[PDB]
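A short worksheet on the structure shown next.
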There are 2 protein chains.
Amino acid sequence: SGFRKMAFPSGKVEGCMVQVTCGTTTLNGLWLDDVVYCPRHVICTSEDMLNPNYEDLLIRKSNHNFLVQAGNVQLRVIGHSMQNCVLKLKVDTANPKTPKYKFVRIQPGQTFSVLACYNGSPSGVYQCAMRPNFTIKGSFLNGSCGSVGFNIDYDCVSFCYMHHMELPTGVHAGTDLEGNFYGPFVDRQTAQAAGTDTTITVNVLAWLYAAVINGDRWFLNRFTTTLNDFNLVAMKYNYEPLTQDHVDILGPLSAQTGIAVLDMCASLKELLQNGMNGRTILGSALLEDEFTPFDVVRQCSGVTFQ
Amino acid sequence: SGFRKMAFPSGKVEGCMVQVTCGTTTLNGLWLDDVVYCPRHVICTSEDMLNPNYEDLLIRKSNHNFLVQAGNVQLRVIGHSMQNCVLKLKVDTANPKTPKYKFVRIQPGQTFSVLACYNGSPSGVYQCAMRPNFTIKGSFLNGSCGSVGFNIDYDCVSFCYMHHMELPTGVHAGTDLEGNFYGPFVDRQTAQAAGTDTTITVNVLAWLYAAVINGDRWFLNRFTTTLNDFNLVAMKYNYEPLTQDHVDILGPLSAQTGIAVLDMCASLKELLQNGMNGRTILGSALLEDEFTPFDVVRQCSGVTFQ
Ligand SMILES: *[C@](O)(C(N)=O)[C@H](C[C@@H]1CCNC1=O)NC(=O)[C@H](CC1CC1)n1cccc(NC(=O)OC(C)(C)C)c1=O
Ligand SMILES: *[C@](O)(C(N)=O)[C@H](C[C@@H]1CCNC1=O)NC(=O)[C@H](CC1CC1)n1cccc(NC(=O)OC(C)(C)C)c1=O
Ligand SMILES: [Cl-]
């Protein structure tokens, strides 16, 4: 009973956070096995940030220019390389708390937990989504760079995000753990703007299913819709197109509630056209788009992590 | 920048969570030193839960009846006692990952993080407030009992909540770690209901401060109200009275933004009387009351925990 925006438990990632310092710049690093990963802009001064030639900057650095601290213990750096926009520091010590893990690149509309860190120390955890414009709506202050986003499957941590920068209107941009940016952003202190954002329709529908599961039913109507007619209405309110794959993906939730996906779509269509009339769904006065169908199943079925 | 509902890092609690099985009932326990703490209704069947005579049922229990599992490892139970609604199982092994901890009773209006567990394994983490009617709006399925609520200050875990119950309306009740219920609820199957709730005025003001810190300022106005005039209005909308102590507690946020509390209160008065008129504050179309002044200061100044 109840439905909450729920993060993964963070303990397996907490054990991997370290502090990386290069001269006067400090930020967070991820220590897995004998590698520490962090944003490459740890090597820049404020001078360099406007237009850094990173390759050039790194050449002038040495192993001993990188100070890596795990709690009380300094780790000796014995090597360094750059992959895309991340720096990999080989250290002499493998992390005894390294979990089973992999690195993944997620798609827009997918969700993940962020462990916000300052000076190598966990501060807080929260769930967000990769927006269709390839930003995230995070909560990040100066010092948070190198904080990571992740999913847990059973006992395997999938790392999908590392934090690099803030963009206009207080949204955030970063990379996968191979150092490729999500979206068309660069790690440069420069004028950059995200595209116009849209609502993740398939996630809105999953959350309507969560509502029904949790006993909010008032928005169910008597109608059905075609996919074509649903999209005509959705386009008009800046919703992402719903595809047949999305319809198929919502099938398990549809079977659990006995409400056909295109019946739920007719309900959503009406909500978009007429509004909510000051009425709430799962205690929300707007439609929520940061739960995937899998997130809903997980929470409503009680999936747990080893 | 940005502002999210943020839980504490859950790792220190995760290392304390175990599974407690008695006959047909499995739920979660908290393993600290050589004691496992769990809800005493673990000892009941179904006909027991009418009005269970806990003291009598416990006498008939053997230590051997309590199957405590910590990951792959059976903990041997060597004693058992009851304190109010909590069972203390003495086991032959002290938990090596026992953090620094305290047991505290929180006040209504204050927040904490919930680590929702099933079968002694973490499922997720989220932030809650102890409501003025002594319920929490959580997300708990069958198997969740024994999940705890906590705060962390530096390296110290303050355990404030252990989960026992769902009520009608999909809200939740439980005890402190000395086993005393928050509110007038009892641990048996008997029809039980939350009293009427109220909005935590001081928390709504803190969140309006959070919004200003983040540059969301459209609702600010040049007007001022007296405290009495504010309370005349807010009380009509089922908000808690704002006291001078609340005004003092908001001092830091007031000083940080330069906006006097009684200035800010005129915004709140106007938002109550006229609604938001299609706009949002920190992405919400409703007034949020589950951030304390401290939560705002912590998240907006990046304070850290290890
Ligand atoms: C990390 O480098 C860090 N040390 O934590 C920084 C985190 C951000 C600070 C404020 N919020 C954050 O998430 N990242 C930066 O400071 C980046 C560096 C990046 C380019 C390599 N950075 C530098 C300069 C400016 C900005 N952003 C900025 O000015 O944003 C607006 C919205 C004002 C245009 C930035 O992100
Ligand atoms: C735990 O005991 C557990 N095993 O996990 C139960 C957790 C709840 C089940 C679903 N969500 C929960 O939070 N708690 C109970 O089942 C309690 C037992 C407690 C009192 C000793 N319990 C027992 C009977 C009834 C109810 N509530 C109930 O039926 O509520 C509705 C809303 C259906 C009227 C209850 O919580
Ligand atoms: Cl809302």
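FYI, residue positions are counted from 1 along the chain as it appears here.
How was it done? The header gives X-ray crystallography, 2.2 Å.
Cβ atoms are placed via backbone N, Cα and C, with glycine included.
According to Swiss-Prot, the protein has these features:
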type	residues	note
DOMAIN	A:1-306	domain 'Peptidase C30'
CROSSLNK	A:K5	ubiquitin cross-link
ACT_SITE	A:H41	active site, for 3CL-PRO activity
CROSSLNK	A:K90	ubiquitin cross-link
ACT_SITE	A:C145	active site, for 3CL-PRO activity
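Here the features listed in Swiss-Prot are placed on the structure.
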residue: A:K5; record: ubiquitin cross-link; Cβ contacts under 8 Å, 6 or more apart: A:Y126, A:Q127, A:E290, A:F291
residue: A:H41; record: active site, for 3CL-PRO activity; Cβ contacts under 8 Å, 6 or more apart: A:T25, A:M49, A:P52, A:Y54, A:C85, A:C145, A:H164, A:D187
residue: A:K90; record: ubiquitin cross-link; Cβ contacts under 8 Å, 6 or more apart: A:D34, A:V35, A:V77, A:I78, A:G79, A:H80
According to DSSP, does A:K5 (ubiquitin cross-link) fall in a helix, a strand, or coil?
coil
Which of the recorded positions A:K5, A:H41, A:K90, A:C145 sit near chain B? With a CB under 8 A, the answer is A:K5
Ten-angstrom check, please: count other Cβ atoms within 10 Å of the Cβ of A:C145 (active site, for 3CL-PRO activity), all chains counted.
26
Does any of A:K5, A:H41, A:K90, A:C145 have a Cβ within less than 6 Å of an atom of ligand 1? These are the recorded positions; tell me which, or none.
A:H41, A:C145
Can you tell me the three-state DSSP label for A:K90 (ubiquitin cross-link)?
strand
Specify the secondary structure state of A:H41 (active site, for 3CL-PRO activity) as given by DSSP, simplified to three classes.
helix
